[PDB]
Every structure is written in structure tokens, then in C-alpha cells.
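**Q** Based on what follows, work out the 3D shape:
(one chain, ligands or ions: 1)
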Amino acid sequence: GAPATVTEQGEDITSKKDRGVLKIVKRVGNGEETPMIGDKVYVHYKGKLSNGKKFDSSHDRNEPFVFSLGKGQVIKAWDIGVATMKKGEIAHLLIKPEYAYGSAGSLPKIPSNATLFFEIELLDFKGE
Ligand SMILES: COc1cc([C@@H](C(=O)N2CCCC[C@H]2C(=O)OCc2scnc2Cl)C2CCCCC2)cc(OC)c1OC
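**A** Residues are numbered from 1 along each chain as shown. You can find the structure just below:
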């Protein structure tokens, strides 16, 4: 499945090089600009536990998910991963617990020590 493919082919985009956040570009975006810390970022995404027990999508409200990059308003993996993306890009992320919800988890939605997978489309980003 797509998570296994990221294990097998994904680039490690962590600074520590601990394979905590692995990425595959699934559709190339446009231009050279990737977002900076503080930019307002608009995405669609589909997310699940690596297990496959819970599944979440922005496409539920067919409404983009919006956040300010690099302010830790989302899990660290997203701050790291969305920062690497170009407008119009779609990417897969596979995420070790240290860059998501850790040993504590976020019960009852996210168990302890959970690995997460996401497909993310970067729709737009704009300066604050
Ligand atoms: C931990 O709580 C939540 C986590 C998520 C999902 C999630 O982990 N995220 C949602 C999209 C941004 C990345 C990441 C996250 O930071 O979510 C919590 C945040 S932080 C700002 N808004 C949200 Cl929602 C889970 C992904 C895997 C399968 C279950 C959901 C959506 C949630 O609700 C839509 C949510 O409740 C707030």
C-alpha cells in the first residue's frame, strides 16, 4: 500500500535524519517557491493511522484545511513536510510517533506510539 511505498521509496526530510518524517512527491507542483514560517497555508488532505483503524479527510467538508506554517499549530511532521512542498504539489507523508502524537497519544482518537500516514495537496500559501 501507499504507506509501505513511502517506507521503501520515501525521502527522509528530518534534520536529525531519523526517518521520523518520510516523503514521496506524488504530483509535482509549480514554480520554485515553498512556504516560509508564518505563511498562511491551504491544503486538502486525507489521513489515517498506519494500521488503518481511523481515517480523516478535509474533503469531508470539501473545505480546505488552513493553518499558519511552522508555529506548531499542527503536528511537527506537518510543519516539516508542508514546508518542503510547492503550490499544486501532492505528497505522501509517513510519520513516526515522535513527530506526531508521541508516547502520550491523543486518546481516544490517536493511540500511544502511533504511526500516521497522510496524502497532502498544497493548494496555496500566502504571506501573513
Ligand atoms: C488529534 O486530534 C485530531 C487529529 C486529526 C488528524 C491529524 O492528526 N491531523 C489533522 C490535520 C493536520 C495534521 C494533524 C494534526 O495536527 O491534527 C490536530 C490539529 S492541530 C490543528 N487542527 C487540528 Cl485538527 C488525525 C490523522 C490520522 C487519523 C485520525 C486523525 C484530525 C482531528 O480532527 C479533525 C483531530 O481532532 C482535532
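
**Q** any chance you could map the helices in the chain?
**A** Assigned by DSSP state H, the chain shows helices spanning 2-9, 76-82.

**Q** Now render the ones you listed as TSV, adding distance to the ligand.
**A** Where C-beta positions appear, they are placed from N, C-alpha and C, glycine not excepted. Output for the helices of the chain, formatted as TSV (distance: least, Cβ to the nearest ligand atom, whole Å):
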stretch	distance to the ligand
helix 2-9	12
helix 76-82	5
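
**Q** Output those in TSV, with distance to residue 47 appended to each entry.
**A** Output for the helices of the chain, formatted as TSV (distance: least, Cβ to Cβ, whole Å):
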stretch	distance to residue 47
helix 2-9	11
helix 76-82	10
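
**Q** Of all the ones you listed, which one is nearest residue 119?
**A** Set against residue 119 and scored by Cβ to Cβ, the helices of the chain come closest in helix 2-9, at 7.4 Å.

**Q** May I see the buried residues of the closest one?
**A** Within helix 2-9, the residues that count as buried by 16 or more other Cβ atoms under 10 Å are 3, 6.
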